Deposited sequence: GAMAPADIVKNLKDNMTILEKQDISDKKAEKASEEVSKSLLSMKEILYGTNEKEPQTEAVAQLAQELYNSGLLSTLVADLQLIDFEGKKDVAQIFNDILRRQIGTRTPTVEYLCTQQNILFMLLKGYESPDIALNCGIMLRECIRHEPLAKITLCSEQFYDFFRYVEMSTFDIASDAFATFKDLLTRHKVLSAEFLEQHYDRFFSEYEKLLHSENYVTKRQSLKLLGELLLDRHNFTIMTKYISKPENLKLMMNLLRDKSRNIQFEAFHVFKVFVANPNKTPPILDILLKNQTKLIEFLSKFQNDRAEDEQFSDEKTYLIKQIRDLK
């Protein structure tokens, strides 16, 4: 054992033993022994053996066991699970991606990957496999459109700034990789998402505040999200926050807020409560953007943007 079917069964059987001592050590030894040969199969110090290993992992449900029992495997083992999972995920048979097709009928794997962020010993592992899953649109849809997507807002506000930071990479990708899927989601779930997104903009975690601010701007810049940008830059309270984040203590918060603020002003069809705020603050803004990070410069698109914004406020 030798040959994929036997390796999978040996891995399956020992993980079971671990789900239950002293007999656990030999099982972990046999788990590691099986994971090492599984990587060996994928590489090889044979194409169909990889195709067989793939087929056997599906049938055994071992892809689900390994995610469900990830805390039972050791440090070096958890990463081997991550690597193998991620290899099989990209396997192709023509224009078909079987593992994605498989995962659509085995969706609990995805849900037990998102839920893994609440388990510090496996959070980073789960996040790594999850970002790989959601690279594929059907898997991203399931994740994004689940009610458990909103758990992300909790995961990034964590007190573990490496877990929280990793969760944001996944949160961020889901909202940006598959544009249409992401745009449909935001339009349909606007009020709730942005009611939660504002909370990210007041974070005690600085990294979460800046990175959220940077993302807000990028979203507002993408076409697909046009309907969302228009609705966004139509609320006085949202603008009131962005001019307020412009005067923030942090140089970088000011800069990221700028790229959100910039969209508010360039809007031709402003609403009265948006227009009134700009007129009432016309002279203050014209003076402000004239002294705003001129030391930066070199960004050249930034300098020209300031010139554009100042001209705009003047011609209101």
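Asker: Any chance you could give me the deposited-sequence numbering of all the stretches lacking C-alphas?
Answerer: Several stretches lack coordinates - namely 1, 22-25, 51-55, 327, in sequence order.
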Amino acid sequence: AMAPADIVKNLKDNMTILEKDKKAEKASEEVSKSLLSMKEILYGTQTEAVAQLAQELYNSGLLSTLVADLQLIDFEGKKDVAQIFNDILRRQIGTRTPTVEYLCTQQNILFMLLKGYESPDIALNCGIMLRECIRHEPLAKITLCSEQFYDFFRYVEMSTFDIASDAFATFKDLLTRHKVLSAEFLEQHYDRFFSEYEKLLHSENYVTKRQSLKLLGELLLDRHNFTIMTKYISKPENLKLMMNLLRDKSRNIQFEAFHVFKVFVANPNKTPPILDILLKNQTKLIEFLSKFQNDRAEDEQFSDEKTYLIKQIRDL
From here on, numbers count along this sequence of modelled residues.
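Asker: Output the stretch having the higher mean C-alpha B factor in the entry; the candidates are 87-95 and 124-132.
Answerer: Averaging CA B-factors over each stretch, the winner is 87-95.
Asker: State which stretch shows the higher mean Cα B factor in the entry: 76-84 or 142-150.
Answerer: On average, C-alpha B-factors are higher across 76-84.
Asker: Just to confirm, going by the entry's C-alpha B-factors, which of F111, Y197, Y206, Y102 comes out highest?
Answerer: Highest CA B-factor of the listed options: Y206.
Asker: According to the deposited entry, which of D162, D222, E137, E157 has the largest Cα B-factor?
Answerer: Answer, based on the entry's C-alpha B-factors: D162.
Asker: Going by the entry, which third of its chain does the Cα temperature factor of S212 land in?
Answerer: Answer is middle: the recorded C-alpha B-factor places it there.
Asker: Going by the CA temperature factor in the PDB record, which third of the chain does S234 belong to: lowest, middle or highest?
Answerer: Ranked within chain, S234 CA B lands in the highest tercile.
Asker: Would you please rank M38 by its C-alpha temperature factor against the other modelled residues of its chain and give the third it falls in: lowest, middle or highest?
Answerer: As the PDB entry reports it, the C-alpha B-factor of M38 lands in the middle third of its chain.
Asker: Give the position of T227 by CA B-factor within its chain, expressed as the lowest, middle or highest third.
Answerer: Its C-alpha B-factor, which the entry lists for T227, ranks in the highest third among residues of this chain.
Asker: Just say lowest, middle or highest third for the CA B-factor of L174 relative to the other modelled residues in its chain.
Answerer: According to the entry, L174 has a C-alpha B-factor in the chain's lowest third.
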